[PDB]
Amino acid sequence: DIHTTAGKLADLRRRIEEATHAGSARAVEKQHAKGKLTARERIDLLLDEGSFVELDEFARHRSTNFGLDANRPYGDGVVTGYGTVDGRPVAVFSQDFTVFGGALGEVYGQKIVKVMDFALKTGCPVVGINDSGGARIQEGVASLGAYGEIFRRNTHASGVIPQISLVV
Amino acid sequence: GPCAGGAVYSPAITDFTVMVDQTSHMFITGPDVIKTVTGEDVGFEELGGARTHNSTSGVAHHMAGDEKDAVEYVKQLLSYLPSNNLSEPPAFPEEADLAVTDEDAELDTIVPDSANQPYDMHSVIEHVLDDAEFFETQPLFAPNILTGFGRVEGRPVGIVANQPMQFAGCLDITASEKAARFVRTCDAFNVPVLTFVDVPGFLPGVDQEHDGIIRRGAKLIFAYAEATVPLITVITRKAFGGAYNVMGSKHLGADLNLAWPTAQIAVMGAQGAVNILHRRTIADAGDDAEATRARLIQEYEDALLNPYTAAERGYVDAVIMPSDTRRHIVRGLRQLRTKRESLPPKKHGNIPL
Amino acid sequence: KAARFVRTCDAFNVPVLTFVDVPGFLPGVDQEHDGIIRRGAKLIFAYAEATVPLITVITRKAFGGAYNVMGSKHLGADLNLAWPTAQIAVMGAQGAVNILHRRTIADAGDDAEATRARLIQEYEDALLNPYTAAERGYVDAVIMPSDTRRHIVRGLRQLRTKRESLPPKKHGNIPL
Amino acid sequence: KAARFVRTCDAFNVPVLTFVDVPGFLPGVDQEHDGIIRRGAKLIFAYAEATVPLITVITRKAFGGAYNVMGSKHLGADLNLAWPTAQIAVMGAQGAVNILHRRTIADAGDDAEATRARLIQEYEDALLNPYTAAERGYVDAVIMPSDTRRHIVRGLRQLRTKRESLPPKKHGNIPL
């Protein structure tokens, strides 16, 4: 059902399934085909098995211009969160080429700001996994704002917490 | 024993006051002087005995049946607190069971299906805390909200939580002051706060307003926003309007906000919402109210009375199965153990007194 | 009302002049049941917390706890001035001996009404004065009421430069 | 050039006023193999690191990364102003519709232009303004050019007292 708690529980699991697989099975194959892994997977390999705790897994964009309103995939082209590497705390974000060419949206940039703020605040490294076609043009200036909010976080964090960029 | 006259104000400024049933009393004004002036008389027991100050006046935190118990309740209290504000509370480190346990699984059914059906918040809390052990402060005062300490992986934590069982878990003035001060106590002494929220909103009442719930409930907001200890809040069900922010929301700076699928994060409840919204539709084509109103109230409930709109904006960090709460709290406290923040120098803030 | 005004002033570096003619606290079970113990502690806290110039002038009465509540030397006030009309005591003449000379009640049975009525003014004629507080230096001086402005003017001049420290805290835990 | 002038101003408490007409980055393979990535990044660092007053005026084009590089609000600038001659978008007009609707430009696309050029112009009139930016508050205001001096005057007056913080570092790690 859905007017019951249990129907809500099971509702959440379909959600998880859809967010866990934001991209089409096809773009999934096509990234595999170039010999590379999915956004999740790159995280899995990076973090101590079992430690990954995802943030903003069900975030979705608000861009109406063009036909983006039509497709609002959980997360927003980026997987983010915290975990441990060799037992030490780390914050991670990983870009999903599988989604909008991995094109950086506004929510997608907000998710990144959120982990960057998390790490800065708790004093752990940020590992950034970069796999993107560029700016999600459809959202216009908004993408440019996102970029800016990040550059500034990068600068403020510089020499405070390590930042590693994995570009794949 | 008797704490008389202006003496009363000393304990008032201390963080915790503990007293015993029939053998302790506090008052600035004795009842003889009271009768002489106001015309009314009473005994020491009902003027400022232990019970009255634990259920009515809000000045005491614990009513012990006995001095030995009382001396025991002070010991517990200390055990959750550091020796001063320069250390962490004393930890007895233990490793958490990071898998799902049978106890954990009980939370997936704790929440009844009828919004009007209340469940016991003590339970949700005990399922999160080491050894299902919850050391509660002021249980008699403002029973509508719950406060106290416990441990997670051996580290003292504090709790604030709406209690559905009592007055629908509504916030009121007494709840605000109880909680506001407990949060600031934990903050000052470096104990993380965990918030469990099922909250319809504020107790309707003219007595409430005519004593400025406005400047009273604002204290709680201030306490959360002023705080720098780790803050993790879990929304088990209702988060409506002003109340949502009040209870340790992200906007006030909470570090990790989590919602069960049973959470309803909205500006107001369904009924009050549609009376305001499309009130045009209900009045016209107006067979009776119900017809279109009911279809509207549930079109609405099913559409927005979820935690998911909140979730697409990042207001809530994740929507989780309830049985995963303890494990979320555990992993979060671990990462949040090293939290450090800042702010513009002030002698002090100007909290709404 | 007052407690939040003192903090606003202290927060924003505004000096605080306090004038005290206070008999004591409003009697009432409604006063207690609603938490006077913890709500009135706020004024004590604000004054003690304050670091701005505090100048207190007692014009007439200051009894018991209310004495402390209103800018006393004990809470940290830098200048305390008392007019000759200030009665600074633990409690009123009546209340005082109505306990401390208990042994004269049915004592001198009939002449009791007159035995204690004189003890009332036998003490306020030697107690309800700023002068006990004076010898201990709880008040910095007793002075003509006509000199308060000049006293306030001169003190603020000297006091304009006051500073001091205390142990670090995120914040305090004022009764709430 | 600009990276170091900006940091020099910052160190010495000298406010920086920025004027922006930027089509974008000098296209060139050489520019890449020479490290434009780690070199242009420096300007970004200077502006974001700065704590002096920053007032940026967009006279005309602000495209792509270059928008941000040039004292954007997102890097912390306190007042960002736009002339109505300002064009703040991710990329120029024809570049945008190129990607945006190839389908339309190629389907029924016998006449390839007259659509391409119409889709442009439509794009230009709609987005190559400063107003989308203005909607989101990325730009504090859109002003008549003749008011620039008067905006800078009033803004500096107000920004004269500006102070900010940040977490201790020995020093930052700017790209070199």
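Identification of chain C as Propionyl-CoA carboxylase complex B subunit from Streptomyces coelicolor is taken from the PDB entry.

Looking at the PDB entry, one finds chain A named Propionyl-CoA carboxylase complex B subunit and attributed to Streptomyces coelicolor.

Caption draft 1: Just the overall build of chain C, in detail. Helix and strand content of chain C: nine helices and five strands. Listed N to C, the secondary structure of chain C is α-β-α-α-α-β-α-β-β-α-α-α-β-α in terms of helices and strands. Within chain C, the proportion of its 176 residues that are buried is 44%. Put simply, of all contacts in chain C between residues at least 6 apart along the chain, 81% involve residues at least 24 apart.

Caption draft 2: Representation of unusual backbone geometry. Residue and element names in this part refer to chain B. Located in the positive-phi region is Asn-190, a residue other than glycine, with phi close to 75°. Relative to the helices and strands, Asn-190 resides in the loop between α9 (173-188) and β8 (193-199). Unlike most non-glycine residues, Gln-298 shows phi in positive territory, near 155°. Looking at the element boundaries, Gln-298 is found in helix α16 (residues 290-304).

Caption draft 3: Molecular detail of the nonpolar core. Counting residues in each nonpolar core, the largest one holds 85 residues, and the members touching the most others are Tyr9(B), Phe149(B), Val160(B), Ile235(B) and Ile265(B). Looking at this core element by element, the count peaks at seven residues for α9(B). Ranked by size, the runner-up nonpolar core spans 50 residues in total, among them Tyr82(A), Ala119(A), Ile159(B) and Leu336(B).

Caption draft 4: Here's a closer look at the interface of chain D and chain A. Chain D puts 29 residues into the contact, and the matching count from chain A is 19 residues. Here chain D meets chain A over a buried area of about 1,900 Å², counting both sides, of which 72% is carbon and sulfur. It is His74(D), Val90(D) and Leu100(D) that lose the most area in chain D upon contact with chain A, and together they represent 26% of the buried surface on that side. At the surface where chain D touches chain A, the tally comes to one salt bridge.

Caption draft 5: Quick look at a nonpolar patch on the surface. Residue and element names in this part refer to chain B. Side chains of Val-267, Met-268, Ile-276 and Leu-277 sit close together on the surface and give an oily, nonpolar patch of about 380 Å² of accessible area. On the secondary structure map, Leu-277 appears in the loop between α14 (270-276) and α15 (279-283). The class of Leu-277 is partly exposed, set by a relative accessible area of 45%.

Basis of the calculations
- Residues numbered from 1 in each chain as written, not as in the entry; some residues may be left out.
- Chains lettered and ligands numbered in written order.
- Part of a larger assembly, values for the part shown.
- Heavy atoms only, no water.
- Helix = DSSP H or I, 4+ residues; strand = E, 2+ residues; numbered from the N terminus.
- Buried < 20%, exposed > 50% of the residue type's maximum accessible area, 1.4 Å probe, protein only.
- Contact = heavy atoms within 4.5 Å.
- Core = buried A, V, L, I, M, F, W, Y, C linked by side-chain atoms within 4.5 Å.
- Buried area = accessible area lost by both parts, 1.4 Å probe.
- Salt bridge = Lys/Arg side-chain N within 4 Å of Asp/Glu carboxyl O.
- Patch = residues over 30% accessible without salt bridge, like charges linked within 9 Å, V, L, I, M, F, W, Y side chains within 5 Å.
- Areas by Shrake-Rupley, 256 points an atom, 1.4 Å probe, with all protein chains shown as cover.

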